[PDB]
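# Coordinates in review
Chain residues, written in single-letter form:
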Amino acid sequence: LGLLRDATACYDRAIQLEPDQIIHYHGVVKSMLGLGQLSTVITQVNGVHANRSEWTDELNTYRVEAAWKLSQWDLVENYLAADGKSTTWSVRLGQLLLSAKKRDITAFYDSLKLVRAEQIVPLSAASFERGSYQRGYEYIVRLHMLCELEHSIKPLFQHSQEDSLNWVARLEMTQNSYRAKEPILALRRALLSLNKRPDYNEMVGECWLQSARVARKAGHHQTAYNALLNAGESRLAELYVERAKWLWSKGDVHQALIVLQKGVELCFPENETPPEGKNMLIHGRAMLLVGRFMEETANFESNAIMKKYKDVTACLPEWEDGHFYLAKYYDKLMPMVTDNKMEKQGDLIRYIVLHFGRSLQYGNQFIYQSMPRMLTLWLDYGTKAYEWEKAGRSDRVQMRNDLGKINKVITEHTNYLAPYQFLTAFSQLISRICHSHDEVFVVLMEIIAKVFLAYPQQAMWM
Amino acid sequence: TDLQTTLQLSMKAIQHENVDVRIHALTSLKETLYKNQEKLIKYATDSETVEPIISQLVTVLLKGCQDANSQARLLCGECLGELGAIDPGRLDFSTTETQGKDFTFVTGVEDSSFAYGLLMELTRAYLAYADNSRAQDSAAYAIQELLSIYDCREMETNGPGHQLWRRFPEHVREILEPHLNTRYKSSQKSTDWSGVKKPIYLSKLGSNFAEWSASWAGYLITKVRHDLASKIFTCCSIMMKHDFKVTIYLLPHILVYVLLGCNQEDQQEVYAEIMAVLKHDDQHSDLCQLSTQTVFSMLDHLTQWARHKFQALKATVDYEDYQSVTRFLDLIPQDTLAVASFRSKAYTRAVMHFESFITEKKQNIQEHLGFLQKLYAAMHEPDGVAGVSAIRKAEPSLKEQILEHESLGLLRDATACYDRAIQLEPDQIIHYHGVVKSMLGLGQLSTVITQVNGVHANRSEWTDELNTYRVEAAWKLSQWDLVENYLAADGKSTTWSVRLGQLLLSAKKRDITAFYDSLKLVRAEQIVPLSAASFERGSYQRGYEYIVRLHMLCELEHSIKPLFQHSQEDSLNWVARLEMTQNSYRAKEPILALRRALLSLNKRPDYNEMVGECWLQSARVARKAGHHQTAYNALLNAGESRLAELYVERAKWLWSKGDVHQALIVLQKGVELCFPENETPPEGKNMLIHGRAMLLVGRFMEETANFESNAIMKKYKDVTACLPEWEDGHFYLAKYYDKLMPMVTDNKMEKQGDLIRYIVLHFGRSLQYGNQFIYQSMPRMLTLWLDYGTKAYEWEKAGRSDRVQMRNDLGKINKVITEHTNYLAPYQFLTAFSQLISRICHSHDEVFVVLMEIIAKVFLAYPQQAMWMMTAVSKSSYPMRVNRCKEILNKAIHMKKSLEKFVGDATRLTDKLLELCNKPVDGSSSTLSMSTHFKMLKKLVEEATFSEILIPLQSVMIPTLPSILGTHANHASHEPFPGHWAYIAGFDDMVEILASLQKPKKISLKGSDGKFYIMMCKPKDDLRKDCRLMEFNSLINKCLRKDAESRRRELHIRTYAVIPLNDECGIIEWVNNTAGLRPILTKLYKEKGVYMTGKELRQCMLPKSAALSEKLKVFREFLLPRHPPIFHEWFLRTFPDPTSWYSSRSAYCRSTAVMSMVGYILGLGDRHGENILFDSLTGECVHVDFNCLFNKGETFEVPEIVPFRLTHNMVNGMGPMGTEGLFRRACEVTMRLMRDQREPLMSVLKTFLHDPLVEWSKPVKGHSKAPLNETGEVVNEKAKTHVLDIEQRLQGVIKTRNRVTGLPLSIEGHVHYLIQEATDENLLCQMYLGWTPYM
Ligand SMILES: C[C@@H]1COCCN1c1cc([C@]2(O)C[C@H]3CC[C@@H](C2)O3)c2cnn(-c3cc[nH]n3)c2n1
């Protein structure tokens, strides 16, 4: 159970205690290897080799893993010729990458068959199906890796055919864990290095950023920081965004906001438009992250946060996250603004259900936060307007008109949105069936009926 | 001998003139320290501040380390090690030194002072060259020609020759008179000066420093147009050719003079020379460095003379002379001066020239941020590296990140960046240096050795510089054979670690000679940076690292000498020698490593265990410092003293990481594994540790929500029963009962009675065993007691049945407080005297009787301070306060009759002081005389019978508490207020009247020492609030002195005395050499010629009700432009010396930071320009007029929207980086301290917010202060609110009305918000023109 980066200290204490013990020297380079520190690894094992020329043979694998990650193909050659007894995965991957660099078609395909069989063997024993696929994901991500490899190398040999593997999608398809995504990404960097396309200096920064993302999402932040470093050489605004997200993870919301503001004014200066599609998308992600930081920080005024979210929506209207977080903030403010008085909440409710629905039109990532909250606000305001109309309160007619606006917004959603988007929360809609307000009931009827058509069998049961 | 008289004598001898006497005194003060180490450790450690003698000593020591002789320079450091590396916060350094400074830009050869300087130099050359006749005869000719150029002989006249002959010393005069009248002949080897290449520097004659300097001086003397200048230059021409020093001294004048009469071509020639000295670096000899210094000095004198000539200009031909000097000073490029100073390793002057280049010549800081960063790295000012990293928009390059981290000290990030750099450029030794250094500081020693051997395999040449780390690891591992092999490899490695390895090895092989020689060597190379640093102010803290290295060398020498043939056992108290040090990792860690290595050399039996205790101490240090990973690397290296000293430390480590539950878990595992429930530990050490652990378990429980309160109380009571003599346990139990009592009593005092009794009892029992919480325990104790007495009076007046039960409970509590009175020491009450002087008007009679016993005990112990603190309560208008104080004083008198004449005398003196104070001014008089108007006061004071009354300084009014380390029993005879006590011996003959509307009458109180102390008397005002505020500020200055970051920054809330002689008057102590911001900036603006008259200001004023945008438009269009930034000109004018300039600028940034945040916390307002004051000597700021406290300003008709004052002028002084840099990180540091010490601060403040005596409600309330039937207490209605707001501001919370729930801000983010808010033009504009937000 990896406590944290600092397992090396324990291995070194062990060494001080039993220096002849090798397992510890293995553990040290292995930790330095995981925490970037690639070039540091190569010196560690060479020092050991000097002290004890016998251990290097079993430590050669770590000197090879570092080399092909650094893309030092000449070094790979020496560290491989030194010892052929090692069959560690990293060593075989280095052998393949070298056979590709020094184009050796026969050797490449042969060693490929060989390693690919080596990795299947653990699956053969784990093939007995008791949650096997998850027990062997490590060996299945290795086959994924070998296939990415075969498809990136084949063109380097042919000259024609080229790689059709969608490297992006192939990654989200995987388990969102560093133990799985990173090996794919380091191999992808090495493959981008073997080939040399003009973008293949930039795409490497992209892969380093993805590695930082998976690490961050996976907790350990220092290797993420190393990846970020290795991403700088490529000019990107995503770098500032990810550095902020990384600080945010460490809890330093303020330093993150500061960095992100620096990156936005530098990468997206106010003068020139950001409308390069990709640049626009990044500018929107960044302004959103800014509005989200500002939400956490108490200093920032609510109006400025609302304005930032609105600018995000205007930069990316087809984007879900923008509308969603904007409406979330409207909802967080509305009780405080309105003094927890519904009749005053009408227009805010309109904006909130509106942006919630737009969010659902473009994506269903937050549907469990949005559709329920939207329907709840709407049905509740309907109950309240029926009450105040029933009580004869003064603001009731204004409440009636605002409820009309909101019923219209809900209708526009009913038309734009997909019935399955309503399907989740059908139990909620089947709940407010007895809503008192008639027009609200009509909107709810058109909503759940539009669902009944799409999915009657599953609806009639509910 | 008491060892204090011995130290006085010995120090006097240290600073003796004869070098041999100095040396023998130092040597005697190196056997003296060793033999009296126990006593010295009692001094430096018994109290939180090192006893005065120790401060006088280290100060006399360092200045000694500047001693020319190497043997005395060594004996100095040695005594600094035999003495210990005391924490610079313990050291006073009140007056560390007063360096002499030429108080002019000597006008020229006409000036009598420059005359005397030349004559001193010529006589010095005469005495020096008596060995070489030619040079001495040249000197005699020069000196007679000086006597001629200007008369040096009075001839019985009062002419210049008179005061000049009197100006020379007697030895110079006896040298002069013989040759004063005798003619001498000059060499007359005249030179055309054409053949020499005008850029003389780097020429053949140039390559010789004295030769270049002499040739340039000759060419200048030829260019000189002024006649007297030509004479003085010709007479010393030969001397300049003989002595480089006379030249250096006279060159700036040659420059000033030629520039005045030089034609454009001549100016260009001299400019070519000067710009060539600076543009040259090395080989494209000491010549470059020395000549760079010389030209820097010439230019500095030229600038001083330009400024003086401009003073005369505002005060013709002199206009043209000033124009010439300004022209030339402009001709030279500031950037070149900066790069030169840097190359010359004069980083401060380079910083000054760079700041000028940025401001004097409008430039964009971003292009030059990198150079500034290199400078701040070399200056080792990390706040500067950070301010640059922040001011920078662009993405930091790899190398820049490396620098930022090397300054930050983040080992992890530095390691990663260094490896990335190695990948980028593999052929860099510095990156591998950083990698191995990171692997070393993290504790990965063997990893270090292997990395080194590997890089040696790759690059052999690379190893000899990397060997240091291999050998450091080895001697840390105790692999002495590897140490030997590695040391045999490096023949020239001089680094500290290698020398320490050599010493340790020599000790391992028992090579006495080698050890002691390499010790005299490894000890001199450390005293060198100290001799270089001793010249500056705050040198101890600058050279602490090296002082700590000297402490380490002492510990070594004394742990090894028994290892040799061998009384010679090491008598050092390692634990105390460590506690005395600074509570930082950078200091205590190397000490501990060397301690464990010395042990590993001695291999005594216990030493296997002592190594574990040293590792645990290192872990605790890194934990208290935040280096958690190193704390873990240590918790591993330990295991021998595992009788819960490990489990305890591991639990604390986790707690610091925030994992409270895992901490409690592991700690319970320890308490079960060791100190098992089945067998009680009675062992003293085991018992102490078991108590520490039970208490940590109780604290964790309390932090955890799951645990029931009763279990927590049980655990704390178990602590008390196990370690009852312990302050903790008692204290924490009472603190819990205090948090628990409101809940258990539903906030009803009635049920609180018995809980209050227990709480008070345990708070006092804690105060009996230790004073670690004298500030958190005593105030709450007294508050609970006085308040329960108040509620009892209230309910006995109301007639409630519960009133009788309250009476019984109050009797119990009063008995408890009486037992405390008898047990506790007087000073423990003194630290809260102001609170007790406050309750002097308590409603309950019995409570007041007990309070009176307390106050009278304190008085009978420390009468002067008490009287000064309670003189007001006696003179107040309320009759109740007066009667209570008279009763207290009469009680004290009955206790001790001697405190009767002193009482009457102090009362008379105070009466006359407030008479002087409430004096009707004659009108237009800048001064009133003491002998004419205030004669009766001078009479009272001058009378011999008159008792001795202290000059009520802050250092004498604010106690010094003993240290928790001080055996916890010192507090029976402990002496607060240690040092020199100065009594009111006489009053000066002049009584200045200030220009304020209040017309405060400044006075000067003559101290018994004879020194003159200045004390202002404020006209009608409430100084009591200010008094208790100065108390809080002294507590803050304490908390800052102890904290390492703060003290490394030298943070300090400037503090002075605020003594109220009445409710209307007080007598504030005057901090000398202080001028306000508004007067300063107005003087500078006038000199600049741009100024805003009152009429313009009234026109610029908008109606109080106006568009914010309009106020801003006016404040940006007219006010700000008319008032540009000049403060930096003040810094440059008052601190001409570059080093002094940077020191004072940094201290301005770091002191206004402290007092800004201190103020925001205290809700400080009314920070107008005349209330902020800046010290002309140190640049620190000193606030005044603390009448508006706790956001009372926001109630002013013109609300205060600025939390503190950061105006564009105030920023321009901080530098080009502005807020970002030193000021911001100092704000962060002090806010962090305030937040960590939130509890003591809040506890003392709640005694300030609820103080009844202070006039919280300024209005009369229908002359309430007279019309109180039986009360002297004015309640603070906004008390709880102010307390809550302050607790928020400390927690990081800010109340936000923009419909937001809220969340605590990080210290960095809180500081950023504060700064933004205080420098935001939109807020400044709203401020009344009294704040002078434009200034
Ligand atoms: C450091 C200086 C000199 O040393 C003594 C302390 N002190 C001053 C100076 C001033 C002023 O100079 C400020 C402006 C300009 C002229 C006049 C007086 O109004 C005040 C005002 N209030 N207080 C108070 C009250 C409680 N503590 N301090 C002052 N204390």
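The deposited coordinates derive from cryo-EM, with the record listing a resolution of 3.2 Å.

### Re the overall build of chain A
If you tally the helices and strands in chain A, you get 25 helices and zero strands. Since a compact globule built from 462 residues should have a radius of gyration of about 23 Å, the 29 Å found for chain A marks it as more spread out than a globular shape. Each of the three principal axes of chain A carries a C-alpha extent, and together these read 95 × 50 × 50 Å.

### Focus: the overall build of chain B
In terms of helices and strands, chain B carries 63 helices and nine strands. Scaling as 2.2 N^0.38, a compact globule of 1335 residues should have a C-alpha radius of gyration of about 34 Å, and chain B matches this with 34 Å. Principal axes of the C-alpha set define a box for chain B whose edges measure 110 × 85 × 70 Å.

### Things to note about the environment of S1004 of chain B
All names here are of chain B. Within the secondary structure layout, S1004 lies in strand β4 (residues 1001-1007). For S1004, a relative accessible area of 17% gives the class buried. Once the C-alpha coordinates of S1004 and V1198 are considered, the two residues, 194 residues apart in sequence, prove to be 37 Å apart.

### Digging into helix α57 (residues 1138-1161) of chain B
Residue and element names in this part refer to chain B. Counted at 1.5 Å a residue, the expected span for α57 with its 24 residues is 34 Å, and the 34 Å between its end C-alpha atoms agrees. At the N-terminal end of α57, a side-chain oxygen is found 2.8 Å from the backbone nitrogen of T1139, two or three residues along, and the residue is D1137. Phi turns positive one or two residues past the end of α57, at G1163, with a value near 55 degrees.

### Considering the packing of aromatic side chains
Residues and elements named next belong to chain B. Here the structure, examined in full by the defined rule, presents 51 aromatic pairs over all chains. With a centroid separation of 5.0 Å and 55 degrees between ring planes, the pair formed by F1131 and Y1148 is classed as tilted. Taken as a pair, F1131 in helix α56 (residues 1127-1134) and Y1148 in helix α57 lie far apart in primary sequence, 17 residues in all. You can call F1131 buried: its relative accessible area is 1%. When its relative accessible area of 0% is taken as the criterion, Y1148 is described as buried. Connected via pairs of aromatic rings, a cluster forms that spans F1127, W1130, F1131, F1135, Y1148 and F1174. Just above the ring of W462 sits the side chain of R459; from NZ or CZ to the centre is 4.5 Å. Over the face of the ring belonging to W653 we find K657, whose NZ or CZ atom lies 3.5 Å from the ring centre.

### Let's talk about the environment of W462 of chain B
Residues and elements named next belong to chain B. Mapped onto the elements, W462 comes out in the loop between α24 (445-458) and α25 (463-477). Overall, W462 belongs to the buried group, its relative accessible area being 12%. In this structure, the C-alpha to C-alpha distance between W462 and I429, residues 33 residues apart in sequence, is 6.6 Å. If near-sequence neighbours (up to four positions away) are discounted, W462 is found in contact with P426, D427, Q428, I429, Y432 and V455.

### Here's the deal with the interface of chain A and chain B
Between chain A and chain B, the residue contacts involve 45 residues of the former and 47 residues of the latter. Among the secondary structure elements, those contributing two or more residues to the side of chain A that touches chain B are α1 (8-17), α3 (38-51), α13 (222-232), α14 (238-250), α15 (253-267), α17 (302-315) and α18 (320-338) of chain A. Considering every element that reaches the side of chain A that touches chain B, the biggest residue donor is α3 of chain A, with eight residues.

### With respect to the state of the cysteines
All names here are of chain B. Under the counting rule described, the total for this entry stands at three disulfides over all chains. Here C917 is linked by a disulfide to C1017, with a sulfur-sulfur distance of 2.1 Å. A torsion of -100 degrees about the S-S bond marks the disulfide between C917 and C1017 as left-handed. Here the residue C917 occupies a position in helix α48 (residues 898-917), and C1017 occupies one in strand β5 (residues 1012-1018), the gap between them amounting to 100 residues. Of the two residues, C917 and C1017, neither departs from the other in class, the shared state being buried. Two residues share a disulfide in this structure: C917 and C1065, whose sulfurs sit 2.1 Å from each other. Judged by the sign of its S-S torsion, about -110 degrees, the cystine formed by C917 and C1065 is left-handed. Note that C917 is positioned in helix α48 and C1065 in the loop between β6 (1058-1059) and β7 (1066-1069), a separation of 148 residues in sequence.

### Remarks on the pattern of salt bridges
Residues and elements named next belong to chain B. Within this structure, the stated rule accounts for 68 salt bridges over all chains. For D383, the salt bridge identified is with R1150, shortest N-O distance 3.2 Å. Across this residue pair, the class does not change: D383 and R1150 are buried. The partner of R1225 in a salt bridge is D383, with the nearest N and O atoms 2.9 Å apart. Using a relative accessible area of 0% as the deciding quantity, one classes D383 as buried. Here the salt bridges share partners, and the residues they tie into one network are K30, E78, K520, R523 and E557.

### So, the site of the ligand
Residues and elements named next belong to chain B. Around the ligand, the surrounding shell holds 13 residues, and the nearest of these are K1018, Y1056, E1069, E1170 and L1173. The separation between a nitrogen atom of the ligand and a polar side-chain atom of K1018 is 2.8 Å. Within the backbone of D1185, one N or O atom sits 3.3 Å away from a nitrogen atom of the ligand. Partitioned by chemical class, the residues of the shell around the ligand number six nonpolar, two polar and five charged.

### Examining the side chain of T450 of chain B
When you line up the elements, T450 of chain B lands in helix α24. For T450 of chain B, a relative accessible area of 8% corresponds to the buried category. With residues up to four places along the chain from it excluded, the contact list for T450 of chain B reads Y25, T43, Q44, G47 and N51 of chain A.

### Re helix α23 (residues 429-441) of chain B
Helix length check: α23 of chain B (13 residues) gives 18 Å between terminal C-alpha atoms against 18 Å at 1.5 Å per residue, within 8%. The positive-phi residue at the C-terminal boundary of α23 of chain B is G443 of chain B, with phi of around 95 degrees.

### Topic: the environment of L251 of chain B
Residues and elements named next belong to chain B. Relative to the helices and strands, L251 is located in helix α13 (residues 244-261). On the basis of relative accessible area, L251 is assigned to the buried category, the value being 3%. Along the backbone, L251 and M240 are eleven residues apart, and their C-alpha atoms lie at a distance of 9.4 Å. The residues contacting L251, other than those within four sequence positions of it, are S213, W216, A217 and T294.

### A few points about a nonpolar patch on the surface
Residues and elements named next belong to chain A. A cluster of nonpolar side chains, namely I433, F441, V442 and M445, defines an oily patch on the protein surface of about 290 Å² accessible area. Residue placement: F441 occurs in helix α24 (residues 438-454). Overall, the relative accessible area of 30% leaves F441 in the partly exposed class.

### Describing unusual backbone geometry
Residues and elements named next belong to chain A. For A425, which is not a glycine, the phi torsion comes out positive at approximately 85 degrees. Structurally, the position occupied by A425 is in the loop between α22 (419-423) and α23 (426-429). Relative accessible area serves as the criterion here: at 16%, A425 is assigned to the buried category.

What counts and how
- Residues numbered from 1 in each chain as written, not as in the entry; some residues may be left out.
- Chains lettered and ligands numbered in written order.
- Part of a larger assembly, values for the part shown.
- Heavy atoms only, no water.
- Residues with missing side-chain atoms left out of burial classes, pairs and counts.
- Helix = DSSP H or I, 4+ residues; strand = E, 2+ residues; numbered from the N terminus.
- Rg over C-alpha atoms; globule rule 2.2 N^0.38 Å.
- Buried < 20%, exposed > 50% of the residue type's maximum accessible area, 1.4 Å probe, protein only.
- Expected span 1.5 Å × (residues − 1).
- Polar contact = N/O pair within 3.5 Å; in protein donor to acceptor, adjacent residues only side chain to side chain.
- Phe/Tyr/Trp six-rings, centres within 6.5 Å; stacked < 30°, edge-to-face > 60°.
- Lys NZ or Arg CZ within 6 Å of the ring centre and 35° of its normal.
- Contact = heavy atoms within 4.5 Å.
- Disulfide = S-S within 2.5 Å.
- Salt bridge = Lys/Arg side-chain N within 4 Å of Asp/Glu carboxyl O.
- Near = heavy atom within 4 Å.
- Nonpolar A, V, L, I, M, F, W, Y, C, P; charged D, E, K, R; others polar.
- Patch = residues over 30% accessible without salt bridge, like charges linked within 9 Å, V, L, I, M, F, W, Y side chains within 5 Å.
- Areas by Shrake-Rupley, 256 points an atom, 1.4 Å probe, with all protein chains shown as cover.

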